[PDB]
Each structure stands twice: as structure tokens, then as C-alpha cells.
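This report refers to the structure that appears directly beneath it.
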Amino acid sequence: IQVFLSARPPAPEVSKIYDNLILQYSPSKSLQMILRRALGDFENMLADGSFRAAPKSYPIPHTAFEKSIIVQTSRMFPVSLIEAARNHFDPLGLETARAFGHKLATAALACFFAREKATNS
């Protein structure tokens, strides 16, 4: 099924990849490029449950040099994997679709950024 997703760009120095992308693309385009790869990587982690050991969030900017940006997107996921995601991110079944999509995208990115840091980018 189609899952709607949302995320905020990271603070400077959280992601060398993101910081370089924004030299040439908008924050929105740059984050969408990263999320495509991050969600691909994350899908494979949903399949085996390893995603529950992954970081949940990342630092966001709190500077007058940075305005509020929330990026909105959608992506198709197998229903089996989204069930696994929902069981973890929505353990009581009380989160809205939008809140779930924010949690899912944010975790996927948090994982991508931690991998960057751990591999010296």
C-alpha cells in the first residue's frame, strides 16, 4: 500500500551528504533524494525486525539561519512490512496515518545518518 511520509531536514553537520546536496539542490529535493535511498535500506530492515534496534530521530536546526521545513512524500510498501512497522511505531494502534508516516520517515533517515557517521561518510 501507499504510505504517506514526512520529515524535517537535519541540522548542519548531522549529514555530510545532506550538507553537500543543499549546495546544489533545495532542502526539499535534497531530503527527498536521501529518503528514497533511506526508505529502500529501511524496507530490508523491516523484513527481519532489525529496524527496532535503529536510531529513532536526529538533530534538527534551531538557528535564525534556518526556517521551518517539513518535506512531504509517499511511497509503496508491501503490507507485511508496514504491519511490522506499525506494530513497533504504533504499538497501541492509536497513531494517525500522518503521525505514523512521520515516525517511519524520521527513523529511516536517522538510520541513514547514523550509517554515514559510522562509516566516516
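Chain lettering (A, B, ...) mirrors the order of the C-alpha cells, residue numbering begins at 1 for each chain separately, and ligand numbering begins at 1 in order of display.
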Quiz item: Using only C-alpha atoms, which residues sit within 7 Å of region 95-110 of chain A once same-chain residues fewer than 3 positions away are excluded, as a list in words?
Solution: residues 3, 4, 5, 6, 7, 35, 38, 39, 42, 55, 56, 57, 58, 89, 90, 113 and 114 of chain A
Since we have the selection now, will you write its residues out, keeping N, CA and C atoms, as a short mmCIF file (atom, residue, chain, number, x, y, z; two decimals), in the first residue's frame?
data_model
loop_
_atom_site.label_atom_id
_atom_site.label_comp_id
_atom_site.auth_asym_id
_atom_site.auth_seq_id
_atom_site.Cartn_x
_atom_site.Cartn_y
_atom_site.Cartn_z
N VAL A 3 2.11 4.57 1.54
CA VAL A 3 2.30 5.19 2.85
C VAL A 3 2.76 6.63 2.66
N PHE A 4 2.08 7.55 3.32
CA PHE A 4 2.45 8.95 3.28
C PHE A 4 3.43 9.25 4.40
N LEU A 5 4.47 10.00 4.05
CA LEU A 5 5.66 10.20 4.88
C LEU A 5 6.01 11.67 5.00
N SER A 6 6.69 12.03 6.08
CA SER A 6 7.13 13.41 6.28
C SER A 6 8.36 13.44 7.17
N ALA A 7 9.23 14.41 6.92
CA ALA A 7 10.45 14.56 7.71
C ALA A 7 10.98 15.97 7.64
N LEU A 35 15.84 10.33 1.27
CA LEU A 35 14.76 9.48 1.79
C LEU A 35 14.49 8.28 0.87
N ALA A 38 17.17 5.90 1.80
CA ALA A 38 16.96 5.53 3.20
C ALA A 38 15.75 4.58 3.37
N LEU A 39 14.66 4.86 2.66
CA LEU A 39 13.48 4.00 2.77
C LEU A 39 13.69 2.65 2.11
N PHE A 42 15.74 0.77 4.61
CA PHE A 42 14.91 0.52 5.80
C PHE A 42 13.92 -0.62 5.59
N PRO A 55 18.33 3.88 15.38
CA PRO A 55 18.01 5.21 15.93
C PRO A 55 16.64 5.71 15.47
N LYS A 56 15.97 6.49 16.32
CA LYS A 56 14.59 6.92 16.06
C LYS A 56 14.51 8.32 15.45
N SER A 57 15.46 9.17 15.81
CA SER A 57 15.48 10.56 15.35
C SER A 57 16.89 11.13 15.26
N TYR A 58 16.97 12.41 14.88
CA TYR A 58 18.24 13.09 14.63
C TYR A 58 18.09 14.57 14.95
N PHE A 89 6.09 1.22 15.75
CA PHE A 89 5.95 2.68 15.83
C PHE A 89 4.58 3.12 16.34
N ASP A 90 3.62 2.20 16.29
CA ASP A 90 2.22 2.45 16.69
C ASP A 90 1.71 1.27 17.53
N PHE A 113 21.62 8.50 8.45
CA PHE A 113 22.58 9.44 9.02
C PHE A 113 23.56 8.76 9.99
N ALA A 114 23.08 7.81 10.80
CA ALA A 114 23.96 7.08 11.72
C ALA A 114 24.96 6.22 10.95
#
Quiz item: Got a sec to tell me which of chain A DSSP assigns to strand (DSSP E or B), as a ChimeraX atom specification?
Solution: /A:2-7,71-76
Self-check item: Filtered DSSP result for region 20-121 of chain A, state alpha helix (DSSP H), as a count of residues only
Solution: 56
Self-check item: Nearest-residue call for residue 88 (chain A), choices A:74, A:63, A:50, A:28, using only C-alpha atoms
Solution: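 Once distances to residue 88 (chain A) are computed over only C-alpha atoms, the minimum belongs to A:50.
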Quiz prompt | Spatial neighbours of region 31-34 of chain A, max dist 9 Å, only C-alpha atoms, sep filter under 3 positions, as a ChimeraX atom specification | solution = /A:7-10,17-18,21-22,26-28,37-39,71-73,109,112
Quiz item: With distances taken over only C-alpha atoms, which of A:118, A:111, A:14, A:81 is nearest to residue 53 (chain A)?
Solution: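 Distance minimum relative to residue 53 (chain A) lands on A:111.
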